[PDB]
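Spelled out, the chains give:
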Amino acid sequence: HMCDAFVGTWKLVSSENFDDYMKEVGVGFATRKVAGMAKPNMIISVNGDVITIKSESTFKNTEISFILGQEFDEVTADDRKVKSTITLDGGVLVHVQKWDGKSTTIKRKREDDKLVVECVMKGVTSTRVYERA
Ligand SMILES: CC(C)n1c(S)nnc1COc1ccccc1Cl
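Residues numbered from 1 in each chain as written, not as in the entry; some residues may be left out. Heavy atoms only, no water.

- In the PDB header, X-ray crystallography is given as the technique by which the entry was determined, and 1.1200 Å as its resolution.

- With the PDB entry as reference, the protein is termed Fatty acid-binding protein, adipocyte, source organism Homo sapiens.
- This deposition appears in the PDB under the title "Crystal Structure of human FABP4 in complex with 5-[(2-chlorophenoxy)methyl]-4-propan-2-yl-1,2,4-triazole-3-thiol, i.e. SMILES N1(C(=NN=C1COc1c(Cl)cccc1)S)C(C)C with IC50=0.249 microM".
- Within the UniProt record for the protein, the comment given under Function is "Lipid transport protein in adipocytes. Binds both long chain fatty acids and retinoic acid. Delivers long-chain fatty acids and retinoic acid to their cognate receptors in the nucleus."
- The record held by UniProt for the protein lists under Subunit (literature references left out) the comment "Monomer. Homodimer. Interacts with PPARG (By similarity)." (UniProt positions renumbered as here; feature names shortened; annotations may be inferred.)

This is how it looks when you write it as structure tokens:
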């Protein structure tokens, strides 16, 4: 019942500073422009210890499945090959991605009826708000 309040189908309803986040991550111009248009569906489910997070959009479709605390390989939507570890910290899903000596952290939390995604790369934060689909 760990992540019960995350489970469901969510749709992006607002984004702030995502272009600057993508720049900081190293995403090139054309991907930033096309990716920035996308309004993804995020679909979160849990089966036993395994959490699955799917992102479906006109840009790319991605899927990760993982066990909390256990590192895995992830190919991001912008085609980075990263090593990811996701933990729960005080009710927040904390997702760290490591690649090429770099690191970014994505936090997912429930706030009111929203699922709020905070993406941080060094000094730059983007906030992406999702509501139930
Ligand atoms: C998990 C989080 C960062 N996210 C949310 S929220 N919506 N899409 C993404 C994946 O990241 C993307 C997507 C496209 C291009 C570049 C990146 Cl870095």
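Picking up after the structure, the text goes on.
## Comments concerning the site of the ligand
Logical step 1: Neighbouring the ligand are 14 residues; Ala35, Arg80, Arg108, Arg128 and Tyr130 lie closest to it.
Logical step 2: With respect to the ligand, the side chain of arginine 128 contributes an N or O atom lying 3.0 Å from a nitrogen atom.
Logical step 3: Sorting the residues of the shell around the ligand by element identifies α1 (18-25), β8 (102-111), β9 (114-121) and β10 (124-132) as the ones contributing at least two each.
Logical step 4: Ranked by residues supplied to the shell around the ligand, first place goes to α1 with 3 residues.
Logical step 5: Of the residues that constitute the shell around the ligand, the class distribution is 10 nonpolar, no polar and 4 charged. (Near = heavy atom within 4 Å. Polar contact = N/O pair within 3.5 Å; in protein donor to acceptor, adjacent residues only side chain to side chain. Helix = DSSP H or I, 4+ residues; strand = E, 2+ residues; numbered from the N terminus. Nonpolar A, V, L, I, M, F, W, Y, C, P; charged D, E, K, R; others polar.)

## Considering the UniProt feature "short sequence motif: Nuclear localization signal" in the protein
Logical step 1: Under the present numbering, the feature "short sequence motif: Nuclear localization signal" in UniProt falls on residues 23-33.
Logical step 2: Taken as a whole, residues 23-33 contains 73% helix and 0% strand, while its terminal C-alpha atoms sit 11 Å from one another.

## Focus on the sheet that holds β9
The strands that make up a sheet pair up through hydrogen bonds in the backbone, lying either parallel or antiparallel.
Logical step 1: Spatial ordering of the open sheet is given by β4-β3-β2-β1-β10-β9-β8-β7-β6-β5, a layout of 10 strands whose pairing is antiparallel. Two strands lie at the open edges of the sheet, namely β4 (61-66) and β5 (72-75), each paired on one side alone. The sheet shows a mean angle of 25° between the axes of neighbouring strands, direction not considered.
Logical step 2: The sheet contact formed by strand β1 (residues 8-16) and strand β2 (residues 41-47) spans 4 bridges and is antiparallel. Bridging across to β2, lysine 11 finds its partner in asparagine 41.
Logical step 3: Against the sheet, α1 contacts β1, β7 (92-99), β8, β9 and β10, and its axis sits at roughly 125° relative to β10. (Pairing = 2+ DSSP bridges. Axes fitted to C-alpha atoms, helices over the stretch in contact; angles between N-to-C directions. Contact = heavy atoms within 4.5 Å.)

## Here's the deal with a nonpolar patch on the surface
Logical step 1: Taken together, the side chains of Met2, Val7, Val46 and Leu88 make up a nonpolar region of the molecular surface, amounting to roughly 260 Å² of accessible area.
Logical step 2: Mapped onto the elements of the fold, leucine 88 is located in strand β6 (residues 81-89).
Logical step 3: Of the residues examined, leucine 88 reaches a relative accessible area of 33% and is grouped as partly exposed. (Patch = residues over 30% accessible without salt bridge, like charges linked within 9 Å, V, L, I, M, F, W, Y side chains within 5 Å. Areas by Shrake-Rupley, 256 points an atom, 1.4 Å probe, with all protein chains shown as cover. Salt bridge = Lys/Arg side-chain N within 4 Å of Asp/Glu carboxyl O. Buried < 20%, exposed > 50% of the residue type's maximum accessible area, 1.4 Å probe, protein only.)

## Brief notes about the side chain of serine 84
Logical step 1: Inspection of the secondary structure assignment puts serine 84 in strand β6.
Logical step 2: For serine 84, a relative accessible area of 0% corresponds to the buried category.
Logical step 3: Within polar-contact distance, the side chain of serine 84 engages the side chain of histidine 95 at 3.3 Å.

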